[PDB]
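The chain below stands alone and is given in structure tokens; this is the form deposited in one PDB entry.
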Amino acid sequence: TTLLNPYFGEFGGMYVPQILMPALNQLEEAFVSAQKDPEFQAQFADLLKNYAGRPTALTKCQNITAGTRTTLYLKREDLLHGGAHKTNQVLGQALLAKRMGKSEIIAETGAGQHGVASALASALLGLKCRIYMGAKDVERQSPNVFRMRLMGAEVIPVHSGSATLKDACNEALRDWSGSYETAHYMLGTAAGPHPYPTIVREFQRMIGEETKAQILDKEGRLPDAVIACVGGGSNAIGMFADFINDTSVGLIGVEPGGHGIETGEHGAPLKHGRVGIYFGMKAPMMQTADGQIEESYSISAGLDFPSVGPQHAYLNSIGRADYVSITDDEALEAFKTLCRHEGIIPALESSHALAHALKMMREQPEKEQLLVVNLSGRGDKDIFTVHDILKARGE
């Protein structure tokens, strides 16, 4: 029994050991209560405004569309405190944890972005934060690890399995199954067992709400399409949600194509995986032929997650949203182009969304189209990655 529907069509659900169901049911009840509580909403709105910096700008990018019939706006989540959209929902989940009387936060992280977001929300709201990170990811994300530690979070390397994100995920769940009476599991994307895909969407939906208001103010009509990268699905569903009922607005999610779909080295389970049951959910995932969970790949660590949120799989199945992929090389070109022609350094995650908008423009330059790209983060963190690749290829 649940208060809300745990499924999006065939996808989603609550596929956790029995011992964790009370924790999920408690969380769903607290969320439903909080969503009805004006004082909770006012507290959340106050943090978003006065601490995180909402509303974020909606920036028209004149130089990169010159000579075409594309009008391109960037929704500037790169300007949010922490430099990525993740801050929105960790503030809401931290307030939920407090509403439940929890004084400890568990979080998983692969690229270290959600780890930093969880750590900053925990520092602000006086929560003891512990972060599980696969030991391979600890090694290659030393800047984000140091940020988490500066913010007082305890970072715990995970050496089991493949020592990366899914293995940190397991360890977070193992911890929570014994500690949920005092700890809240602050899951980092719009995936996992119900109620998380729903909570994370609702705590990210101001991205699309603001975008709709801002584009109506500036253009007097809705976008032709909104475009967002998809690692787990949170920034994309945050942009999409308020447009789902505006059936003329295209919703385009961009998975990482890595070295190319045909190489198998990619992060595009929604279009090129197979439905499985893992991560607490029924969803497309990258897996072996006999059902072992596989390794994904992207130049962008924040997109390097071998499954996807169940609402995205559902919106695809009914045709409401379309999902595409963008390769490392395409994302790198979009990264360089935004820097040089708009003076904005985009996150390599977000560069995947930008690259697909650039393709939409360039393929059909006389097509009238009003596009919004969700610029989910800034790319200061990526400049060494981009430098090293550009140097190895002689640029």
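All residue numbers refer to positions in the sequence shown, first residue = 1. Rigid core here is just the name for the largest C-alpha set that superposes within 1.5 Å across the two forms.
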Quick check: 347-355 versus 61-69, which has the larger average CA B-factor in the record? 61-69
Averaging the C-alpha B factors as listed in the entry, name the stretch that ends up higher: 205-213 or 169-177. 169-177
280, 269, 310, 264, ranked by C-alpha B-factor: the highest one: 264
Out of 135, 299, 84, 249, which shows the largest CA B-factor listed in the entry? 135
Sort the modelled residues of this chain by their C-alpha B factor and say whether residue 49 lands in the lowest, middle or highest third. middle
Within this chain's modelled residues, let me know which third the CA B factor of residue 102 belongs to: lowest, middle or highest. highest
So, residue 56's CA B-factor, relative to its chain, sits in which third? The lowest
Rank-wise, by C-alpha B-factor, drop residue 182 into the lowest, middle or highest third of its chain. highest
Grab the CA temperature factor for residue 379 from the record and place it in the lowest, middle or highest third of its chain. lowest
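Although not depicted, the form deposited in another entry is the subject of the following passage.
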Which residue, chosen from 302, 134, 208, 233, moves its CA by 2 Å or more between this form and the one not shown under a rigid core superposition? 134
Examine residue 156 after superposing the rigid core and state whether its CA is displaced by 2 Å or more between this form and the one not shown. yes
C-alpha of residue 313 moved at least 2 Å between this form and the one not shown on rigid core: no
Aligning on the rigid core, do we see the C-alpha of residue 143 shift 2 angstroms or more between this form and the one not shown? yes
